[PDB]
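Novice: Let me start by giving you these chains from the complex, positioned as in the assembled structure:
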Amino acid sequence: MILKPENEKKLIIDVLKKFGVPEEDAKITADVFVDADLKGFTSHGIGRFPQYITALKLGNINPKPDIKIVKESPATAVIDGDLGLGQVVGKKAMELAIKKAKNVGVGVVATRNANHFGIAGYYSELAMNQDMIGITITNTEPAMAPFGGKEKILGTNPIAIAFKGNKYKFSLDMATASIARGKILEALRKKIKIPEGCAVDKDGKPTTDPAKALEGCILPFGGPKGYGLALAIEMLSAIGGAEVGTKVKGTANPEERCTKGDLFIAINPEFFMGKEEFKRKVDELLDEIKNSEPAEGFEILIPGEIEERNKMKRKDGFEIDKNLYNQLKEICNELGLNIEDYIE
């Protein structure tokens, strides 16, 4: 059934307020949920909300955190999240990264002790919309093997990079994993194969069967190269004192304290070639790319284009499945709220 985004925002706010989350913290959280559902990253949108409820009750999410800047300098900071909503910590960190970059040209803000923050692209787009370059990375509970290995050690480790000109936007937002676990589960319901070169089974051997893949490992994307970048990311994400490797828990499991890290970077074009000079060049490059000769059955896209298109289509509502609408009804009921104020 169709769920209007504004109504998704009000649903999340009213529910989070019910657990003590201050209104401004709640509004912030919702925005990042709505962004994901609008872009089609549906697995980091509302459908993930019940998991948040589970964690709030088990007290793995602190509704009223003491967010602290434990280390600071003109160009860097470390932030302790106090087990608060990743969105709230995340926005603070990146907002502070942006502030520092405006003063001295670049800002690097690492976080520890926060929860999963949703889609990385939201944060680096905060930078883009200040006329800057935003870069965001984080790690994850183990999901992927080293290249040539069969054990789950690395996270799905996303990186997001955003910036824009006068006409074009650039918004790379990607997991270093070659496939989401959700898309494997999904493929297991719909009794089909997963793409080739996306997972290996219990044995280190390649596999297209979803059931095997689920007890095996997902592969980093671009062979040894993509593995290398996921390793780099596992590490850089954690420089504020988070865990790495197998000690990273609690990113998708509400029964565990969250131990992952996030890095937020903001580079400020005014300190280099100049803001207006940069925007002209981004435009010129992306325009060149966009107008180059297509291969056979393709239309050349800029990173981010697909997500923007999704948002347009989805601005007036998007579908959600019954089983989730049910989980919502229930949560709403517990907190003395009417599911019908939001989904109608």
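Specialist: Structure received. Numbers count the residues shown, from 1 in each chain, chains lettered A, B, ... in the order given.
Novice: Name the nearest residue to residue A:100, ignoring sequence neighbours.
Specialist: residue A:107 (3.2 Å; C-beta to C-beta, 6 or more residues apart in numbering). The way it works is simple: take the backbone N, C-alpha and C, and place the C-beta from them, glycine included.
Novice: May I have the distance across stretch A:39-56, first residue to last?
Specialist: Distance between the boundary residues of stretch A:39-56 (C-alpha to C-alpha, to the nearest Å) amounts to 26 Å.
Novice: now swap in stretch A:232-241 and tell me
Specialist: Distance across stretch A:232-241, first residue to last, is 15 Å (C-alpha to C-alpha).
Novice: circling back: packing partners for the strand or helix carrying the residue nearest to residue A:100?
Specialist: Taking DSSP states H and E as the definition, residue A:107 sits inside strand A:106-114. The contact analysis (3 or more C-beta pairs under 8 Å, 6 or more residues apart in numbering; DSSP states H and E) places strand A:106-114 against strand A:76-84, helix A:86-104, strand A:262-267.
Novice: Which SSE is immediately downstream of it?
Specialist: Per DSSP H and E, the first helix or strand lying C-terminal to strand A:106-114 is helix A:121-128.
Novice: What is that following helix packed up against?
Specialist: Judged by 3+ C-beta pairs under 8 Å, 6+ apart, helix A:121-128 is in contact with helix A:23-39, helix A:86-104, strand A:133-138, strand A:158-164, strand A:169-175, strand A:262-267.
Novice: Between strand A:106-114 and that helix, find me the angle.
Specialist: 150 degrees (axes from the mean of the first three to the mean of the last three C-alpha atoms, to 10 degrees).
Novice: on that earlier part again, show me the contacts for the residue nearest to residue A:100.
Specialist: A:75-77, A:96-101, A:264-266, A:268 (C-beta atoms under 8 Å, 6 or more residues apart in numbering).
Novice: May I ask which two of the residues you listed are separated the most?
Specialist: Spatial extent of the contacts of residue A:107 (C-beta to C-beta) is set by the pair A:77 and A:268 at 15.7 Å.
Novice: tell me the domain ranges of chain A?
Specialist: A:2-65+A:179-218+A:317-344, A:66-178+A:219-316 (curated CATH domains).
Novice: most packed of the ones you listed?
Specialist: Of all the domains of chain A, domain A:66-178+A:219-316 carries the top mean neighbour count, a mean of 19, counting by mean count of other C-beta atoms under 10 Å.
Novice: before we move on, the earlier item: which residues does the residue nearest to residue A:100 form a beta bridge with?
Specialist: Taking DSSP bridges as the rule, residue A:107 bridges to residue A:266.
Novice: and it, how far is that from residue A:76?
Specialist: From residue A:107 across to residue A:76, the span is 7 Å (C-beta to C-beta, to the nearest Å).
Novice: to the structure above, add chain B:
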Amino acid sequence: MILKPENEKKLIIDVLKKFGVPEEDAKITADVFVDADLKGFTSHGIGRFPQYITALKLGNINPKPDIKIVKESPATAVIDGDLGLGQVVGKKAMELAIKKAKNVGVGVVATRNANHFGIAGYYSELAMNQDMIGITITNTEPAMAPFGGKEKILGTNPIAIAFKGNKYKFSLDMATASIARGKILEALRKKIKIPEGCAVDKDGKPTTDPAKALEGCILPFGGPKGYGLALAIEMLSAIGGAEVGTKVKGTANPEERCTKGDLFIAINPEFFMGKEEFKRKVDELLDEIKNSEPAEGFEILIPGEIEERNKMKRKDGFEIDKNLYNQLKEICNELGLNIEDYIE
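Specialist: So that you can see how it sits with the rest, here is chain B on the chains above:
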């Protein structure tokens, strides 16, 4: 014959000094060349030296650059190379990025109007060997299509990421191109297919045939994802005012004035979780990986391990072909040096 590391250094120094390069700048340049050759990155080793001679002679390399820091903050800087040797400008650029990271936790330095700087890893490791995290990116002449296209726009756009713990080091140094043209025509003369997804037709169709490859267009490394990264590199590399896209000239062709860009980033763990604790975590991560279970006919390796084993195996000198010997013989002859002083 066999070329020994020491004699390659001498050879390069003597030749460059001959052109008015100051000895200290020659020594730095020789060092990157020898690094390229010992690691096995032969396309950036002494193999490339004859073109530097052509460039110097045509005036596209300035043996005596007035290298200027044109903009500076406490975390950022733009350096203009006055068409100097890329190695000379690069070292100064990365060392400045490092100095600033020493004071404020991070240093980002962009370059413009400098030449090809050899392997990106060298500059990243300077940071690593100061107990920091080094990141280098850079531009090149159009070498590959955007994803879904069939026309050269993106350079091979390398990235180098380096850092270390106490026992383990991490040194990723990699082109965003699926494959090097070099290896394709070595697959042609070798008659073997090249891997899949690497390149497209003279028509825009996928092809594992080196002959069609050679007529077509190479692709970035990781599907859309690899493509997105390389597009980001193409742009970020050039925020110091460099060119982008097809405006990037002279990184392979000694008849063109070079217009590429470099970005140097240095991140200091002292301003985050702390130096010693970061080295412990690096080791904790890299040990876990290096000792997780391998796949069947595989060994698990950390980015940098291959080059390290290479540098070990080629300390006593390495092989060069008759062709390069001859180029090098003439170069020496016209300068009154004697090739026999170096390849005895």
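Novice: now with chain B: what packs on strand A:106-114?
Specialist: strand A:76-84, helix A:86-104, strand A:262-267, strand B:106-114 (3 or more C-beta pairs under 8 Å, 6 or more residues apart in numbering or on different chains; DSSP states H and E).
Novice: Reformat these as JSON lines; add distance to residue B:128.
Specialist: Shown next, in JSON lines, are those (distance: least, C-beta to C-beta, whole Å):
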{"stretch": "strand A:76-84", "distance to residue B:128": "19"}
{"stretch": "helix A:86-104", "distance to residue B:128": "24"}
{"stretch": "strand A:262-267", "distance to residue B:128": "18"}
{"stretch": "strand B:106-114", "distance to residue B:128": "14"}
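Novice: so which of these gets nearest residue B:23?
Specialist: Short answer: strand B:106-114, nearest of these by C-beta to C-beta, at 19.8 Å.
Novice: Let me know whether residue A:229 touches residue A:175 as I believe.
Specialist: No - Residue A:229 is beyond contact range of residue A:175, at 11.2 Å (criterion: C-beta atoms under 8 Å).
Novice: Now for the residue nearest the centre of chain A: which residues touch it?
Specialist: Residue closest to the average C-alpha location in chain A (C-alpha atoms, centre = their mean): residue A:119, at 2.0 Å. Residue A:119 makes contact with A:32, A:35-36, A:39, A:41, A:44, A:158, A:160, A:173 under the criterion C-beta atoms under 8 Å, 6 or more residues apart in numbering or on different chains.
Novice: Backbone dihedrals for it, please?
Specialist: Backbone torsions of residue A:119, given as degrees, to the nearest 10, read phi -90, psi 130.
Novice: That one and chain B, how far apart?
Specialist: 15 Å (C-beta to the nearest C-beta, to the nearest Å).
Novice: ok, now how distant is that residue from residue B:327?
Specialist: Distance, residue A:119 to residue B:327, using C-beta to C-beta: 53 Å.
Novice: go on, residue A:323?
Specialist: For residue A:323, the distance to residue B:327 equals 70 Å [C-beta to C-beta].
Novice: swap in residue A:238?
Specialist: Counting by C-beta to C-beta, the separation of residue A:238 from residue B:327 is 48 Å.
Novice: rewinding a little: redo the contacts of residue A:119 as TSV? Include distance to residue A:85.
Specialist: Formatted as TSV, those follow (distance: C-beta to C-beta, whole Å):
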residue	distance to residue A:85
A:32	9
A:35	15
A:36	14
A:39	20
A:41	18
A:44	14
A:158	18
A:160	19
A:173	20
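Novice: export the residues you listed to JSON lines and tack on distance to chain B?
Specialist: Formatted as JSON lines, the contacts of residue A:119 follow (distance: C-beta to the nearest C-beta, whole Å):
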{"residue": "A:32", "distance to chain B": "21"}
{"residue": "A:35", "distance to chain B": "19"}
{"residue": "A:36", "distance to chain B": "18"}
{"residue": "A:39", "distance to chain B": "15"}
{"residue": "A:41", "distance to chain B": "15"}
{"residue": "A:44", "distance to chain B": "17"}
{"residue": "A:158", "distance to chain B": "11"}
{"residue": "A:160", "distance to chain B": "10"}
{"residue": "A:173", "distance to chain B": "9"}
